[PDB]
Amino acid sequence: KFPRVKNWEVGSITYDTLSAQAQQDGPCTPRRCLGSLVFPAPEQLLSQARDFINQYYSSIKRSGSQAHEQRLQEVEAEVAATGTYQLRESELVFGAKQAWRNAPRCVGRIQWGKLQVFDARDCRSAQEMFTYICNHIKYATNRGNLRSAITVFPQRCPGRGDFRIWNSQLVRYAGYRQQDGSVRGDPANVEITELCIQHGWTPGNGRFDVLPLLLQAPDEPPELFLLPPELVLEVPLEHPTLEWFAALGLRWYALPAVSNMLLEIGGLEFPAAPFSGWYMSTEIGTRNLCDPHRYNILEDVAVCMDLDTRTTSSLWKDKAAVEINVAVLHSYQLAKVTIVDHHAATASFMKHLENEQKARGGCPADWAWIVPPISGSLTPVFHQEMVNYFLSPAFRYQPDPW
Amino acid sequence: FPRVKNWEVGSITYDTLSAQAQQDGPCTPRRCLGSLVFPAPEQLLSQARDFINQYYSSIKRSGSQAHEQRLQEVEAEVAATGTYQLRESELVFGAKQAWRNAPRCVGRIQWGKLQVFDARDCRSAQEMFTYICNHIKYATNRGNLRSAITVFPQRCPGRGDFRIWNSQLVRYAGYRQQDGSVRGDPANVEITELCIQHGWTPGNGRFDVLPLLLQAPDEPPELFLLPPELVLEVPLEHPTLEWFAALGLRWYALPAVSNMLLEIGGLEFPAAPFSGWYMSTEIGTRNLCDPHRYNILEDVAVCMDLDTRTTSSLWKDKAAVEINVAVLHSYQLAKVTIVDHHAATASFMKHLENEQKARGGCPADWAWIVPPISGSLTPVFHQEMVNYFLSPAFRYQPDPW
Ligand code: HEM
Ligand code: HEM
Ligand SMILES: Cc1cc(N)nc(CCc2c(F)c(F)cc(CCCN(C)C)c2F)c1
Ligand SMILES: Cc1cc(N)nc(CCc2c(F)c(F)cc(CCCN(C)C)c2F)c1
Ligand SMILES: Cc1cc(N)nc(CCc2c(F)c(F)cc(CCCN(C)C)c2F)c1
Ligand SMILES: Cc1cc(N)nc(CCc2c(F)c(F)cc(CCCN(C)C)c2F)c1
Ligand SMILES: [Gd]
Ligand SMILES: [Gd]
Ligand SMILES: [Gd]
Ligand SMILES: [Gd]
Ligand SMILES: [Zn+2]
């Protein structure tokens, strides 16, 4: 009664029993599939808590024990007396790892069990928030030997404002609009750049200016904090055999650190809980450097390669893109900054799929996001059927706080 | 009505065509199964009536007394015999719509230009083979390829069906080996075993064109040898890598799918081979580079002097891109029609804009429309799509063995 899932490179077949536990409705119906869309309390808070507690006690191999029975009753009574309830730190750690493990669009999930979870739930001010973030950046960067981490700020609560990081990531490059409708710098960040300026930031004019953080303590206006440049590790981009590539003057930063998603665990919501790992090379070379609405260097590189850019059948776009990705991988390895190419990353996601089939009966996976944006069918994930569903704990999108 | 966004531009459309989705797909609100490869007299009449109504709607003849007479003819036919037969123009319109409705086809900008060969009077496997040979000749057209479909008799209760046991009309032999491996195309090992067990003396080359197994109702399937100059082939050479020709690679001009079932107005055609022209990545990326096909990536990378030790040299991506260059160049040099994935996805974007005005949407399967290399360099990548099943349609069907 469960979905049959085939790998078409090998012929293997598995059945995803985990999808029965799907705690939320997606956008597809038997009459049309919407899987390609980018963006699709009392006895309700309570139902999510019990399910989360069941998961926790299963993970420590104590399902049904007296302590399991007691914590369920204990949470049930803290809800009634207060509305909300508090996670034990061991449950917070487990729940943050689970949100990662559950995230269908992440190809990096082989690593999910080795996340460092920093407990910032006692944080009181924006200044304290900045200190926690700097500690996160320092630990995760680790001089180039990057380590996965998450810092979880206090949960949302009635009677108190939310903690929020206004930036979409901890490290972002400014984007300044030019006369001729072009963006100097990263065009994706034109908006947050406006807000940093309007809140006191002295802007620069480079193509790679690191933005300040806009931090929001409860019921406060957001506060501006400049990142110390010794904290933000960057990589100059160069090509192992095209010496003119270095004269493009391109760079990227080491640490991908998403700061605008909401973390949900057992009914509780943490609207500021930034997390970081390390980059897959296609995110920098193909999306960030090549997209027409980002840095959009593809044709420039093609011309330097002396490719015929007037006819698509030369595959000049395809050739220039591969070489930009080669440059990214070479440059991170040269600078001794962790990076994974899309062949390694997808090979490890296949191992994750095997692991999860044993451990839980399946794995939620969003095929269109797991398959890299270049060379899709040259990777094993392309030939793997996948089932997409929502499990909690989860990372969720949330509205901009402005 | 689902809201559909293009993320490169920011434009929005609403798909109102999906409301008329006849069948049910694999997905539910609790889990999406969109990546899955394979998802009664009153029944026939209701589909027949729906299709007849579609036909007269498209020619602006809804309600007219010709529309009424046709509906009555089907009512009487199905009452008498449990089935009915299509008029010639209905057949042609049904074949075009089935192509137009195919969510996985990126070449649908061409949907209005389709040659339809009516073979519904076919009597034998020998006659079927004659019809197939005419199709290949018309469709190949000295390399100036023309889209075409030939339709054999409808199925019916009782007697067996006309089937083409080959998945395509042109397929290279796959030879299961004395030592485990495969010689030729590994995707055709099953069908190659069946041709041997029906009296084909096999070859031992990597590109041996298979015979066609053709089967008349209840009568058995019989082998048929294809004339060697009916089947056009393109030797693969590279524009600047002179050693590429020494690999002895080739491919055939005509992609001709012979194993799908055509469904029009409740009737079903188990034998209705259709053909178009190749998108280069189909040959260069899937057929030659898939590890379960010819799997040439490493051999090409070694000839390119690339570092195959570690994946972070991107030797796979470089070799694949040059194989696709060689395909495009070799088909262009040989004057055989081919389209590269950039031009095909550009035309599918225009197709999506055409279909929005005409029908209020367009069913499209994102994972099959995005090309297998350089996906995000093509305009379809940043385009949300809605997948749903309209009729008339091409559908899969079980193997005849
Ligand atoms: C450690 C190495 C990691 C790798 C290689 C990796 C890789 C990726 C990639 C390639 C994407 C899709 C981005 C795109 O398509 O443009 C993604 C998304 C995502 N990742 Fe991972 N990631 C890593 C670490 C983490 C960590 C530590 C977390 C959370 C604790 C996480 C959670 C997510 C989530 C929630 C998404 C979806 C983001 C969205 O939809 O906006 N990842 N990841
Ligand atoms: C004329 C130029 C054509 C081009 C460039 C083209 C291209 C393609 C491509 C690239 C695919 C996906 C192949 C794959 O993913 O392996 C496809 C699928 C498909 N096309 Fe077209 N095609 C053309 C003509 C036709 C014609 C003439 C018909 C029918 C009358 C047709 C009907 C279909 C169907 C039913 C599928 C789905 C096959 C499947 O799901 O396995 N196409 N086409
Ligand atoms: C922890 C981590 C490690 C890693 N290697 N990569 C990431 C990338 C996450 C991420 C972005 F950073 C981004 F800018 C854009 C997207 C897609 C769109 C976002 N959403 C609005 C639909 C995205 F998924 C995260
Ligand atoms: C269907 C699909 C599959 C897949 N794998 N990836 C994507 C990424 C698409 C995408 C986003 F998701 C997004 F948040 C933002 C943008 C740019 C917005 C431009 N504008 C703000 C200047 C974008 F193009 C789409
Ligand atoms: C008319 C036409 C023109 C053109 N350019 N390409 C085609 C390709 C159709 C097609 C094949 F022929 C094939 F062998 C294999 C597949 C993959 C799916 C396998 N299917 C059994 C699930 C495929 F999509 C058809
Ligand atoms: C997910 C996805 C997306 C997309 N766009 N294309 C595909 C094509 C994959 C595919 C097939 F569809 C197929 F029918 C047969 C094979 C080989 C099987 C041979 N093996 C059993 C002996 C295959 F690899 C898959
Ligand atoms: Gd104050
Ligand atoms: Gd050089
Ligand atoms: Gd008749
Ligand atoms: Gd040499
Ligand atoms: Zn779906």
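Just so it is clear: chains get the letters A, B, ... in the order the sequence lines come, proteins before strands, and each one is counted from 1. Just so it is clear, the values below take in all heavy atoms, side chains as well, and ignore hydrogens, waters and symmetry mates.
One side chain, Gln169(A) or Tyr253(A), offers a donor N or O that lies under 3.5 Å from an acceptor on the other. Donor-acceptor pairing under 3.5 Å is lacking for the side chains of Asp340(B) and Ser280(B). Checked by atom type, the side-chain pair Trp7(B)/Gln383(B) shows no donor-acceptor distance below 3.5 Å.
Closest heavy-atom contact between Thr346(A) and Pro380(A): OG1-CD, 3.6 Å. Taking all atoms of both residues into account, the shortest heavy-atom contact from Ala364(B) to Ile369(B) is CB-CG1, 4.4 Å. Closest approach of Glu384(B) to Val4(B), counting heavy atoms only: O-CG1, 3.0 Å. Taking all atoms of both residues into account, the shortest heavy-atom contact from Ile324(A) to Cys290(A) is CD1-SG, 3.5 Å. Contact between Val326(A) and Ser313(B) at its shortest, heavy atoms only, is CG2-O, 4.0 Å. When every heavy atom of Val234(B) is checked against every heavy atom of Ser330(B), the shortest pair comes out as CG1-O, 3.3 Å.
At a threshold of 4.5 Å between non-hydrogen side-chain atoms, the residues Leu211(A) and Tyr173(A) do not count as touching. Annotation: side chain of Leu314(B) is in contact with side chain of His343(A) (closest heavy-atom distance under 4.5 Å). Side-chain contact between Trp366(B) and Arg104(B) is absent, with no heavy atoms from C-beta onward closer than 4.5 Å. In this structure the side chain of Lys318(B) reaches within 4.5 angstrom of the side chain of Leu306(B), judged on heavy atoms. Considering only heavy atoms from C-beta on, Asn324(B) stays 4.5 Å or farther from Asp318(A) through its side chain. For the pair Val340(A)/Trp278(A), a side-chain contact is recorded, criterion being any heavy-atom separation below 4.5 Å from C-beta on. Two residues are said to be in side-chain contact when any heavy atoms from C-beta on lie closer than 4.5 Å; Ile284(A) and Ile339(A) meet this criterion. Looking at heavy atoms from C-beta onward, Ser375(A) lies out of side-chain contact with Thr379(A) at the 4.5 angstrom threshold.
Here CD of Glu8(B) is found 10.0 Å from OG of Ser376(B). Values are rounded to the nearest 0.5 Å. Here the OG atom belonging to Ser312(B) is positioned 4.0 Å from the CD atom belonging to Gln333(A), to the nearest 0.5 angstrom. The NZ atom of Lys113(B) sits 8.5 Å away from atom OG of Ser147(B), with the distance rounded to the nearest 0.5 Å. Atom CD in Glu323(A) sits 12.5 Å away from atom SG in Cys304(A) (nearest 0.5 Å). Taking CD1 of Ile374(A) as the reference point, atom OG1 of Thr282(A) lies at 6.0 Å (rounded to 0.5 Å). Expressed to the nearest 0.5 Å, how far CG of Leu170(A) lies from OG of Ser259(A) amounts to 4.5 Å.
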Using the side-chain contact (heavy atoms from CB on, under 4.5 Å) rule, take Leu289(A) and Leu237(A) through it: C-alpha gap first, then chi angles, then the decisive distance, then the call. CA-CA 11 Å; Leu289(A) 292 174; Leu237(A) 300 191; 3.6 Å; yes
Please assess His238(B) against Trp243(B) for the test side-chain contact (heavy atoms from CB on, under 4.5 Å), listing each intermediate value before the final yes or no. CA-CA 8 Å; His238(B) 189 277; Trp243(B) 47 260; over 6 Å; no
Is there a side-chain contact (heavy atoms from CB on, under 4.5 Å) between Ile296(B) and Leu247(B)? Walk through the geometry before answering. CA-CA 10 Å; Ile296(B) 77 182; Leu247(B) 301 174; 5.8 Å; no
Let me see the working for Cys362(B) and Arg108(B) under side-chain contact (heavy atoms from CB on, under 4.5 Å), right down to the final yes or no. CA-CA 10 Å; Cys362(B) 174; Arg108(B) 279 180 285 168; 3.8 Å; yes
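In summary, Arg100(B) and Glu355(B) engage in a salt bridge, as defined by a charged side-chain N under 4.0 Å from a carboxylate O. We find that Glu283(A) and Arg287(A) are joined by a salt bridge, their nearest charged nitrogen and carboxylate oxygen being less than 4.0 Å apart.
A donor-acceptor distance shorter than 3.5 angstrom exists from the side chain of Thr338(A) to the backbone of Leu146(A), with no hydrogens or angles considered. Counting only distance, with no hydrogens or angles, the side chain of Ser11(B) and the backbone of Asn6(B) share no donor-acceptor pair below 3.5 Å. Not a single donor-acceptor pair under 3.5 Å links the side chain of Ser36(A) to the backbone N or O of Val386(B). At distances below 3.5 Å, at least one donor-acceptor pair connects side-chain atoms of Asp307(B) with backbone N or O atoms of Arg309(B).
Of the candidates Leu378(A), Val381(A), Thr286(A), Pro372(A) forms a side chain to side chain contact (heavy atoms under 4.5 Å, CB included) with just one, namely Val381(A). For the pairing with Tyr176(A), the side-chain hydrogen bond (donor to acceptor under 3.5 Å, both in side chains) check across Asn205(A), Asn189(A), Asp209(A) returns one residue only, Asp209(A).
When the shell of 6.0 Å around CD of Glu353(B) is examined, it contains 12 or fewer heavy atoms from other residues, nucleotides or ligands. Within a 6.0 Å radius of CD in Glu230(A), other residues, nucleotides and ligands contribute more than 12 heavy atoms. Within 6.0 Å of CD in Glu298(B) there are 12 or fewer heavy atoms belonging to other residues, nucleotides or ligands.
Checked against salt bridge (charged side-chain N to carboxylate O under 4.0 Å, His left out), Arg251(A) has the following partners two or more places apart in sequence or in another chain: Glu234(A). With sequence neighbours excluded, the residues satisfying salt bridge (charged side-chain N to carboxylate O under 4.0 Å, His left out) with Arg293(B) are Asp185(B).
Here ring-ring contact (aromatic ring centres under 6.0 Å, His included) pairs that include residues 284-338 of chain B, with residues two or more places apart or in two chains, are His383(A)-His292(B), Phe207(B)-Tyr294(B), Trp251(B)-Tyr294(B).
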